[PDB]
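First to last, the sequence lines map onto chains A and A'. A prime marks a further copy of an entry chain.
Following the authors' numbering, the numbering of the first sequence begins with 9 at its first residue and continues without gaps.
Following the authors' numbering, the numbering of the second sequence begins with 9 at its first residue and continues without gaps.
2 protein chains.
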Amino acid sequence: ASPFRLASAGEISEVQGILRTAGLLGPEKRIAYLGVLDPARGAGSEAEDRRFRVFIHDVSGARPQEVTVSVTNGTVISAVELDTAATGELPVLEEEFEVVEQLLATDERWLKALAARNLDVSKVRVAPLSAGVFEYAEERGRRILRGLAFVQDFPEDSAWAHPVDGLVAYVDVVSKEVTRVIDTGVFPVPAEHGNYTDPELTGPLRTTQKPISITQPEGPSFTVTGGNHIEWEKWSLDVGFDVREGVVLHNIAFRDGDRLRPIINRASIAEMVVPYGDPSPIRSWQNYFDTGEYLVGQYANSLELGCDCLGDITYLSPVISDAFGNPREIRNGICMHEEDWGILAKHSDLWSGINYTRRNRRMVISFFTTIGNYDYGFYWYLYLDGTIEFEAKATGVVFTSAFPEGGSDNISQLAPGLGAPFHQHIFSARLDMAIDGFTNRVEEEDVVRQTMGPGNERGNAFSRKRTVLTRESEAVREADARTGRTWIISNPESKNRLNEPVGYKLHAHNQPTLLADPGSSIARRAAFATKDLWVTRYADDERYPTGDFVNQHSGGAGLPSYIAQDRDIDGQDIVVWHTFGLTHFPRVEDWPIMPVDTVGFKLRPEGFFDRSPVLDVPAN
Amino acid sequence: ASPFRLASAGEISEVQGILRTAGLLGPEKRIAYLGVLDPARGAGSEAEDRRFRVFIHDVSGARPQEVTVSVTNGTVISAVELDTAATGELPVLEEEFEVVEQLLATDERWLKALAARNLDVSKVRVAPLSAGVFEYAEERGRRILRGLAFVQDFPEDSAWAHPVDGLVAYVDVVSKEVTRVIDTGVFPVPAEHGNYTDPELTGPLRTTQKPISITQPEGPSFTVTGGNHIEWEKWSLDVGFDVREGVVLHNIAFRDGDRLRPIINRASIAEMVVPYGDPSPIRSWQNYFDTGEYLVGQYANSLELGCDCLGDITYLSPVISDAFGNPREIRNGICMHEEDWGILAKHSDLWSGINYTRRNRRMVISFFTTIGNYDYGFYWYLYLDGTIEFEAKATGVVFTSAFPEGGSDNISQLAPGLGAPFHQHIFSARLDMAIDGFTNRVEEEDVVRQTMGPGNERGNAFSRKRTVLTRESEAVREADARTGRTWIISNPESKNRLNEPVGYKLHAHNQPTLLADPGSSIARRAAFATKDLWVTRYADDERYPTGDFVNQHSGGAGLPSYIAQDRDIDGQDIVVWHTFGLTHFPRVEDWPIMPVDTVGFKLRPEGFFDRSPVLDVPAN
Ligand SMILES: [Cu+2]
Ligand SMILES: [Cu+2]
Ligand code: NA
Ligand code: NA
Ligand code: NA
Ligand code: NA
């Protein structure tokens with residue numbers, strides 16, 4: 009009966025039937041996005057109304073539609089025709105992944121470029137790459153994908169080892185036409201294979217690893233009710249899943265004695281972009297919004313027990329829609345388990361003689377997705393002491409190129425003749441805050457150094473300063489690692505026992521933000537990525553930092569347009585948007601399959617509790 | 009037979025006998041430090057010579073001595089009398105911990121200050137605090153401790169809850185005299201107790217935590233030979249222990265095929281300081297060099313199975329000397345175990361159809377020490393993929409004060425009337441590098457942003473720049489998080505298969521460094537803490553960033569004097585010194601016992617290997 013329950017197969021089937029009965033889902037239509045809408049503010053009526061939002065693509069070239077359906081009442085609430093030249097194209101369809109290669113295989117320009125390189129067309133894979141917005145006027149309002157080619161020597165061969173540099177093609181996937189084929193010159197196709205399961209490359213497998221057995225003989229300490237409601241060590245939350253964002257956390261709260269205290273209303277990774285820093289015209293257009301353009305939830309992996317998730321695992325199997333509105337289950341797509349996390353608190357006292365040790369643990373909610381060459385793990389952690397942490401784990405195969413004769417300032421060499429262009433992976437966490445309720449504010453906290461002098465005669469004093477962000481126009485902030493800058497989200501109307509406002513402190517990793525020139529296309533389309541922290545006033549329709557339709561959108565949508573409203577955020581219903589990313593200069597050790605690298609952020613209580621919240625943890 | 013073996017009880021007994029026979033260890037002498045010296049460069053003679061370095065204190069006021077003994081040959085190698093007004097006092101003795109309180113209890117000034125506050129002297133604990141060097145000319149050349157008072161309501165009471173503010177005393181612990189008693193005014197003694205095992209404060213203990221069982225049914229994957237030589241998943245190293253530094257790692261190397269490749273010759277935490285930022289004259293002198301003044305190894309805890317270390321644990325029990333030269337074993341003082349560490353590498357390929365997942369794990373070497381109110385865990389981690397990481401875990405009880413009427417800019421309030429002064433915990437890691445041998449150099453790597461224009465027409469390009477540090481005078485470096493600054497240690501004479509020098513990249517956390525005014529006493533005594541990275545040319549006697557005798561040393565010793573030699577470090581035997589720290593603004597949640605907070609650094613391979621070094625890891 010919870011409004012935050014996962015979508016069920018029956019709900020998706022009903023959406024299909026409603027759209028069919030309304031005349032919106034004929035044979036030429038494809039569902040590009042389908043997801044459940046969150047309850048509006050003030051759902052204290054408890055009148056169940058499950059609403060779904062659908063993006064409908066038309067393969068015959070008619071305008072696509074955005075539709076909102078009530079599955080409870082069996083009605084279409086609104087349907088609007090989209091002008092994609094204005095507001096953006098729809099996300100990439102899975103069925104379009106193979107279209108780029110198929111169309112190019114019969115194009116005489118493509119075939120002539122392959123013949124010059126003595127490449128058999130049957131062996132050439134073409135990646136279906138989002139196009140962005142650049143100088144090609146004919147692409148405005150057309151659904152375009154670009155293609156880069158990789159050779160597969162045999163069906164199980166890793167094509168990433170064999171990039172075909174100097175060659176790129178653009179395709180209109182609706183009219184089924186190749187618009188441009190660009191050949192800037194012949195580069196040798198790197199010949200070494202990258203087959204990480206080939207014994208010739210791995211050598212004999214290690215025999216030295218002894219098993220690590222992790223079991224819970226009495227079962228786990230958390231409970232799951234209503235399909236997706238979790239209770240664990242005073243935490244309470246709902247685990248949602250959306251085909252665009254992936255795992256979404258709702259209603260994160262902490263049971264402090266008798267009171268269930270809210271902390272975060274909704275937490276998600278609302279966008280992620282991979283900009284490339286190679287100025288070659290073959291690749292200088294590459295910026296993949298893995299979330300906004302491709303939808304990371306739909307490519308979530310089925311996670312295997314003992315391999316992907318180790319220990320006493322509870323799985324969720326979310327249901328999504330296929331392109332025709334049929335339900336599709338992602339079996340074992342979400343892993344949930346608790347983990348030991350070392351020492352929580354420890355002291356041996358020289359005067360009382362008491363020796364005290366307690367252990368920590370964390371609840372893990374995770375999924376893993378695969379977008380072409382990239383594989384990303386998304387991990388949310390809840391700790392006994394009130395800390396919330398997010399971690400992204402980046403792995404997969406690096407996107408490759410040729411390595412030019414005489415080297416490169418923008419590409420790493422991985423193997424003879426094989427390069428990997430510099431790039432970033434930049435995430436946006438959208439944190440709809442609810443610190444003890446919805447009346448919240450954000451303060452920026454810097455360390456303050458003090459000069460030796462009167463009142464500081466020994467030159468040892470240091471302090472801190474807090475600046476309240478009062479309006480959206482002043483709430484676009486940069487990191488400053490040297491001054492220890494953090495941000496505090498507090499509730500000015502809820503005080504702890506010392507009469508101080510309760511709060512949580514956001515600790516960033518202070519990694520570089522978007523490196524591209526501020527006048528570039530990507531700086532305008534991924535404006536969120538140029539600053540570490542944004543604060544907006546909550547609004548139902550302000551969901552993504554890049555806007556609703558990211559694919560081939562010209563720029564400025566999302567956060568820069570939201571904050572122009574200059575709304576009051578001092579003790580209001582607010583949303584924190586945190587940018588954080590990895591800057592990847594590929595190393596030889598990343599090849600032929602990359603070991604995990606990580607980035608994230610965490611939030612820690614800051615006078616939220618009246619004392620340590622883990623005094624009642626028993627001594628193991 | 010290894011020269012890097014742990015000291016044994018018999019070796020310490022022999023040092024005692026050698027010193028006794030030489031006339032250096034009569035009844036008035038105390039051993040303040042005793043440790044084994046590392047083999048000199050060029051120990052390829054394999055002529056065993058175990059040498060020990062001893063600091064000898066004299067309780068009758070005679071000059072202390074530094075002595076070097078050969079335990080193999082039964083001889084004194086050198087003995088020098090120390091002028092402590094010039095070169096510094098010896099470290100604090102454990103037997104001096106109780107002397108400050110005992111001396112003050114019969115001083116009429118102290119007793120009058122306690123009587124004004126209606127405090128029973130039998131209930132007043134006095135902390136034995138290092139003195140530093142300030143304006144008191146009478147302290148030059150005298151062995152001084154300072155005392156701050158805390159009330160214990162009963163023997164098992166936590167005295168930290170009841171600081172006696174406004175009062176400080178200075179004591180000469182050799183002549184047994186109170187030099188000064190300073191009373192700046194009466195502050196209420198905070199009355200709330202801080203007894204974290206009292207059921208009245210904890211409430212009922214949780215019954216919701218189910219056990220997590222971690223076992224290795226075939227035993228661990230590492231082997232221990234010769235007492236302290238570890239081999240694990242291609243890593244090879246020796247685990248040392250020193251009473252000042254604690255756990256020391258020697259001869260860290262990696263078996264790459266047929267070749268044992270060195271990476272780090274010696275790794276240690278060579279100093280750690282806790283400067284306080286409260287300008288009150290009661291506390292403005294407080295800077296505790298927990299390593300250099302107190303010796304963190306001698307207060308290492310005995311670690312309890314299932315509580316401090318969980319899983320299949322192998323213990324080392326290091327032996328140290330007491331003040332009379334008798335061996336004392338720290339039972340179960342070092343924990344060693346391997347841990348699962350999530351996903352190592354993962355990819356599901358859209359064209360080959362291959363799905364691949366491998367798990368990571370890490371080897372953990374850890375100890376925990378207690379210095380008064382503080383408890384610190386020191387963790388070294390080795391990962392399958394070649395990563396080396398250090399982590400400090402800070403816990404214990406915060407050092408307290410009164411919280412003044414009308415608040416404070418330099419103190420946090422924790423409970424009614426109870427404050428916690430701002431402070432930092434700053435560590436120095438000394439990394440004697442040996443990347444593929446001893447010919448190493450350090451490069452500083454910054455991200456380079458590029459302007460949109462010719463050759464970068466779309467404004468997307470970004471690059472990197474590396475600057476070689478060629479001499480010691482240019483090798484004092486600051487962090488720059490915004491430009492992604494890292495440091496690479498490479499071997500210019502050892503190239504990977506792409507003809508690039510092999511290297512390792514140091515990733516810092518980029519936390520603030522020392523905040524005190526640069527003209528302060530602590531900035532001169534802890535000069536290492538003002539900069540993130542130092543590189544020196546190796547020298548046998550340059551062991552600590554603060555010098556050999558830190559206690560009451562006037563300043564400038566250690567790193568600033570070493571780098572003045574301006575030695576060649578471009579392809580030489582070099583040592584990297586990395587400063588990293590926590591800046592602690594105490595929160596209510598830190599009281600009455602603090603949950604762990606962490607800081608550290610890591611080193612990752614950077615073209616050290618010819619490809620990923622974990623291709624031979626089996627599929628679980
Ligand atoms: Cu990458
Ligand atoms: Cu602290
Ligand atoms: Na537009
Ligand atoms: Na909010
Ligand atoms: Na001096
Ligand atoms: Na060295």
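Just so it is clear, CB atoms sit at the ideal spot from N, CA and C, and this is done for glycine as well.
Closer than 8 Å, CB to CB, is residue i near chain A' or not?
| i | result |
| --- | --- |
| A/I260 | no |
| A/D165 | yes |
| A/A402 | no |
| A/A410 | no |
| residue 633 of chain A | Outside the displayed range of chain A (9 to 628) lies residue 633 of chain A, so it cannot be described from this structure. |
| A/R214 | yes |
| A/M602 | yes |
| A/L175 | no |
| A/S360 | yes |
Looking at the strands, I want to know which residues DSSP matches up with residue i.
| i | result |
| --- | --- |
| A'/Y546 | None; A'/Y546 has no bridge partner. |
| A'/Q432 | A'/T591 |
| A/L324 | A/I342 |
| A'/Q73 | A'/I64, A'/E89 |
| A'/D348 | A'/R369 |
| A'/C315 | For A'/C315, which the question treats as bridged, DSSP gives no partner whatsoever. |
Which value, in whole angstroms, describes the spacing of the CA atoms of residue i and residue j?
| i | j | result |
| --- | --- | --- |
| A/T322 | A/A51 | 30 Å |
| A/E597 | A'/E397 | 17 Å |
| A/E550 | A/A535 | 15 Å |
| A/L611 | A/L392 | 13 Å |
| A/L175 | A/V182 | 22 Å |
| A'/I497 | A'/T587 | 16 Å |
| A'/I271 | A'/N418 | 43 Å |
| A'/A113 | A'/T92 | 28 Å |
| A/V62 | A/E74 | 6 Å |
| A/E146 | A/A177 | 14 Å |
| A'/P520 | A'/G248 | 30 Å |
| A'/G314 | A/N628 | 8 Å |
| A/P196 | A/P412 | 9 Å |
| A/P287 | A/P198 | 20 Å |
| A/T231 | A/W240 | 7 Å |
Report yes or no: is there a C-beta of chain A within less than 8 Å of the C-beta of residue i?
| i | result |
| --- | --- |
| A'/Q110 | no |
| A'/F593 | yes |
| A'/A487 | yes |
| A'/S221 | yes |
| A'/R133 | yes |
| A'/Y364 | yes |
| A'/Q306 | no |
Under 9 Å between beta-carbons, which chain A residues line up against residue i? List them in chain order, please.
| i | result |
| --- | --- |
| A'/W599 | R619, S620 |
Under 8 Å between beta-carbons, which chain A' residues line up against residue i? List them in chain order, please.
| i | result |
| --- | --- |
| A/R466 | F142, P287, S292, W293, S528, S529 |
Interface residues of chain A around residue i at Cβ under 7 Å?
| i | result |
| --- | --- |
| A'/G427 | Here the premise fails: no neighbours, minimum Cβ distance about 11 Å. |
| A'/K218 | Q224, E226, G227, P228, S229 |
| A'/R457 | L523 |
Run down chain A in chain order and give the residues with a C-beta less than 8 Å from the C-beta of residue i.
| i | result |
| --- | --- |
| A'/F430 | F470, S471, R472 |
Give the interface partners of residue i over in chain A', defined as CB-CB distance under 7 Å, in chain order.
| i | result |
| --- | --- |
| A/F376 | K354 |
| A/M460 | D525, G527, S528 |
**Report entry** Closer than 7 Å to ligand 4: residues, by C-beta to nearest heavy atom, in chain order
**Finding:** A/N273, A/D440, A/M441, A/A442, A/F446, A/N448, A/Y546, A/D581, A/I582, A/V583
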